[PDB]
């Protein structure tokens, strides 16, 4: 018969490995480019777990030298904290950015982040 054995807390194991890959830019397959020409390299599948907005950007925005040109309303001030949230489950932000991050999560329909920003008690 079929047996099964398991490693507990697989999600924690896997996230640690994935975060390391992100930090070292290993296996990244999407390069985001900001107005100042700086870049952030990411994993498409990580972004896609939370949202389809990056899918729509890839369908509708210019690609220059293998980098996706981010829209004017979606620059590093919101992108960097949101991407770090997608890799970790933690959103780090200054309060002054709360409303901008909420409007950005609403534009993305990023439900999991909306729920977090709107959490209470």
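Numbering follows the first chain given and starts at 1.
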query	finding
Between 102-110 and 10-18 (mean CA B-factor, as deposited), the higher	10-18
Higher-B stretch (mean Cα B-factor, as the entry records it), 84-92 or 25-33	25-33
Residue 59 - which third its CA temperature factor falls in, relative to the rest of the chain	highest
CA B-factor placement of residue 47, once the chain's modelled residues are sorted into thirds	middle
Modelled-residue ranking by C-alpha temperature factor, third containing residue 79	lowest
